[PDB]
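Asker: First, the structure itself, so that you have it in front of you.
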Amino acid sequence: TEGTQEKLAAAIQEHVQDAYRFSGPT
Amino acid sequence: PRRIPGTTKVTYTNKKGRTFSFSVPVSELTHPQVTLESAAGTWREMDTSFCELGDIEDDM
Amino acid sequence: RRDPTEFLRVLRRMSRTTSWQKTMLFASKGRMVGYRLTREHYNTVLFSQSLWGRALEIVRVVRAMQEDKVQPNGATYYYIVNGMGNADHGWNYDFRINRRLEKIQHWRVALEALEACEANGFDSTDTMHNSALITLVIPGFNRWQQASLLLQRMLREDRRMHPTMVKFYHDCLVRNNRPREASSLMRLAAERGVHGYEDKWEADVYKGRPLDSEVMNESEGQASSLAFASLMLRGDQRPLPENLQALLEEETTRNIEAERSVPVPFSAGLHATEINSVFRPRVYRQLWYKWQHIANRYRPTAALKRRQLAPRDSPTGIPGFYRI
RNA sequence: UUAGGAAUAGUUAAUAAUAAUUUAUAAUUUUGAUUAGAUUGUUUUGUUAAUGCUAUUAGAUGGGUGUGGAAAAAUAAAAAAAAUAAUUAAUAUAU
Ligand SMILES: [Mg+2]
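The structure is reproduced here in structure tokens:
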């Protein structure tokens with residue numbers, strides 16, 4: 203119950219990297 | 049509309065001690081200085097409490 | 006977290022190239038991992054929502070912008086008011102397009118941004134006031150009293166009328182049974198030189214008649235002419251006696267409501283303005299942002315025919331053109 | 001049916017419910033859906049030793065008018081259309 207915020211931060215960071223895949227190279 | 053006076057008087061004292069008025073051509077601002085990243089906190093905000101959205105934690 | 010300049014660089018590209026859902030995903034999830042969204046970040050998101058006319062999304066961005074205590078500029082209010090005019094509305098056959106636009110007071114957010122524009126010191130543009138009048142007037146909405154007072158102060162500030170605003174505001178006054186306000190709108194657009202209305206100029210048949218609000222004020226407080239001040243005469247007509255004319259005025263009162271209570275059997279409860287009036291902005295049909303097109307109806311399907319852009323059994327680059 | 005295959009919805013069933021204020025553990029889809037692209041279909045075509053490969057041009061059209069049995073109605077060398085108009089033949093059209 204206490205380690206859900208860091209897991210949420212990792213999930214939103216993974217979603218941000220999936221959105222970073224739109225940029226392509228570099 | 050209020051017209052700017054243009055000239056302003058400031059008091060200057062000499063080395064002897066005599067005081068007189070420097071007349072300075074001075075105009076005022078017209079546009080707010082919004083290009084600064086720092087926020088003063090004093091600006092009129094927009095009300096959005098009447099809008100209905102999909103917030104299930106709020107009321108209709 | 007990568008470079009925040011790289012975070013802004015992808016936000017610049019998605020508002021410039023792709024649709025509105027990309028900037029809403031990037032700025033929201035980027036705010037949750039810790040990217041400090043500045044005014045440069047919110048103006049790119051608000052450019053993309055103003056283009057596609059996402060009225061619910063503009064309210065959600067301005068709620069997050071006020072929570073982050075970032076002050077909007079004059080370019081920010083330029084996207085809020087012009088974005089409410091580009092909202093989807095209208096009626097398919099019996100299907101209301103964007104029925105949740107009515108419960109949102111998107112006409113009021115466009116009016117609230119106009120009040121906050123002059124209160125904070127910025128200068129509003131001529132396309133803000135023409136787009137704010139459209140949101141009160143569009144066929145899902147019947148607000149011609151507030152749109153009249155907005156147009157009254159628009160002429161006092163010497164704004165020029167947009168031809169899209171005159172097309173919407175004429176159809177709203179005709180639908181709401183106001184021919185004096187509609188004949189004066191055509192008379193005003195012909196004198197100001199609005200394009201498309203220089204040939205339509207109507208005579209003022211209400212030249213001697215007073216205002217409608219002045220009659221209701223006089224009726225609450232010559233007494234034979236006070237009760238019949240609203241009655242319109244040709245000049246070659248005379249009133250009846252006061253007991254006979256008052257019995258005739260109640261005859262026309264019960265006869266007008268008897269005709270207006272009868273439904274037209276193939277209208278789905280709609281005026282003829284509402285029939286076949288589906289609206290999407292200009293982005294839905296192979297076009298992008300232009301400043302002079304405030305609330306631009308998407309061009310018809312006869313503009314681009316298939317099999318003249320690409321031959322048979324070959325793909326064309328129009329995925330969502332013919333889909334209304 | 002798609003060289004680089006994932007979700008979909010004015011939604012499914014019941015119903016003393018025309019015109020659904022209710023009930024449900026609802027419905028489609030990896031046995032390939034919805035959307036996007038291409039797109040009338042069709043042992044009628046062509047080829048071959050070939051149950052293979054390759055083509056197609058009958059059509060239809062929820063807001064133009066609730067009229068009419070039926071909207072298919074803003075334009076078609078016949079389908080001769082309420083007195084045998086003409087019915088020998090060929091051009092039957094340019095004219
Ligand atoms: Mg039940």
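Chains as they are written, first to last, in the entry's author numbering: chain CQ, 203 to 228; chain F3, 49 to 108; chain FO, 6 to 226, 232 to 334.
A virtual CB, placed ideally from N, CA and C, is assigned to each residue, including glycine.
Establish whether the CB of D95 (chain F3) and some CB of chain FO are separated by less than 8 angstroms.
Answerer: yes
Asker: Within the same chain, show all residues whose beta-carbon is closer than 8 angstroms to that of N286 (chain FO), passing over the 5 residues directly before and after it, in chain order.
Answerer: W96
Asker: Counting Cβ pairs, one atom from each stretch, are 3 or more of them under 8 angstroms apart for the segment 24-42 of chain FO and the segment 216-228 of chain CQ?
Answerer: yes
Asker: Against chain CQ, which members of the segment 99-131 of chain FO pass a CB distance test of less than 9 angstroms?
Answerer: none
Asker: With a threshold of 8 angstroms between beta-carbons, can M191 (chain FO) be considered close to chain CQ, or not?
Answerer: no
Asker: Who does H94 (chain FO) pair with in a DSSP beta bridge?
Answerer: Under DSSP, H94 (chain FO) forms a beta bridge with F289 (chain FO).
Asker: Please go through the same chain and pick out, in chain order, the residues whose beta-carbon is closer than 7 angstroms to the beta-carbon of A137 (chain FO), but skip the five residues on each side of it.
Answerer: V86, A115, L116, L119, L155
Asker: Where does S69 (chain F3) sit, in a helix, a strand or coil, going by DSSP?
Answerer: Residue state, collapsed to three classes: strand.
Asker: Check each residue of the segment 25-49 of chain FO: if its Cβ is closer than 8 angstroms to any Cβ of chain CQ, include it; give the result in chain order.
Answerer: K27, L30, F31, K34, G35, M37, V38
Asker: List the endpoints of the continuous alpha helix (DSSP H) containing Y174 (chain FO).
Answerer: Membership of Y174 (chain FO) in the alpha helix (DSSP H) is indicated by the continuous run 168-180.
Asker: Out of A80 (chain FO), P144 (chain FO), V288 (chain FO), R36 (chain FO), state which residue places its alpha-carbon closest to the alpha-carbon of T132 (chain FO).
Answerer: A80 (chain FO)
Asker: Specify the secondary structure class of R18 (chain FO) as computed by DSSP and reduced to three states.
Answerer: helix
Asker: Does the beta carbon of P53 (chain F3) come closer than 8 angstroms to any beta carbon on chain FO?
Answerer: no
Asker: Out of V38 (chain FO), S55 (chain FO), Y308 (chain FO), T283 (chain FO), which has the shortest C-alpha to C-alpha gap to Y174 (chain FO)?
Answerer: Minimum Cα distance to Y174 (chain FO) is reached at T283 (chain FO).
Asker: One question on the structure: do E93 (chain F3) and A121 (chain FO) come within less than 8 angstroms of each other, judged by their Cβ atoms?
Answerer: yes
Asker: Mapping DSSP to helix, strand and coil, what is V86 (chain FO)?
Answerer: helix
Asker: What separation, rounded to the nearest whole angstrom, lies between the Cα atoms of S71 (chain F3) and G39 (chain FO)?
Answerer: 52 angstroms
Asker: Are residue 227 (chain FO) and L101 (chain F3) close, meaning C-beta to C-beta below 8 angstroms?
Answerer: Residue numbering in chain FO jumps from 226 to 232; residue 227 (chain FO), which lies between, is not modelled.
Asker: By the 7 angstroms beta-carbon criterion, what residues does the segment 73-86 of chain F3 contribute toward chain FO?
Answerer: Those residues of the segment 73-86 of chain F3 placed with their C-beta closer than 7 angstroms to a C-beta in chain FO are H79, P80, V82, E85, ordered along the chain.
Asker: So that I know if they touch, is there some Cβ in chain CQ lying closer than 8 angstroms to that of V15 (chain FO)?
Answerer: yes
Asker: Output needed in chain order: residues of the segment 50-62 of chain FO with a Cβ under 7 angstroms from some Cβ in chain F3.
Answerer: The residues in question are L61.
Asker: Return helix, strand or coil for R148 (chain FO), following the three-state DSSP convention.
Answerer: Correct three-state label for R148 (chain FO): coil.
Asker: Does the segment 144-154 of chain FO touch the segment 178-194 of chain FO, meaning 3 or more C-beta pairs lie closer than 8 angstroms?
Answerer: yes
Asker: Is it true that the segment 18-27 of chain FO meets the segment 50-68 of chain FO, where meeting means three or more beta-carbon pairs spaced less than 8 angstroms apart?
Answerer: The answer is yes - the segment 50-68 of chain FO touches the segment 18-27 of chain FO, with three or more Cβ pairs under 8 angstroms.
Asker: For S277 (chain FO), which residues from the same chain have a beta carbon less than 8 angstroms from its beta carbon, with the 5 sequence-adjacent residues on both sides left out?
Answerer: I285
Asker: When you compare the CB of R270 (chain FO) with every CB in chain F3, is at least one pair closer than 8 angstroms?
Answerer: no
Asker: Using the rule of at least 16 other Cβ atoms within 10 Å of the residue's Cβ for burial, across every protein chain shown, is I334 (chain FO) buried or exposed?
Answerer: exposed
Asker: Only counting the same chain, and skipping five residues up and downstream in sequence, which positions put a Cβ closer than 8 angstroms to that of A187 (chain FO)?
Answerer: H175, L178, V179
Asker: Taking 8 angstroms as the threshold (C-beta atoms), are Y299 (chain FO) and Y308 (chain FO) in contact?
Answerer: no
Asker: Around the C-beta of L243 (chain FO), are 16 or more other C-beta atoms found within 10 angstroms, so that it is buried, or is it exposed?
Answerer: Counting Cβ neighbours within 10 Å, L243 (chain FO) comes out exposed, since fewer than 16 surround it.
Asker: Using a Cβ-Cβ cutoff of less than 7 angstroms, which residues in the same chain neighbour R185 (chain FO) once the five nearest sequence positions on both sides are dropped?
Answerer: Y211
Asker: Count the other C-beta atoms from every protein chain shown that fall within 10 angstroms of the C-beta of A208 (chain FO), then say buried if there are 16 or more, exposed otherwise.
Answerer: exposed
Asker: Going by alpha carbons, who is nearest to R161 (chain FO) out of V171 (chain FO), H134 (chain FO), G145 (chain FO), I143 (chain FO)?
Answerer: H134 (chain FO)
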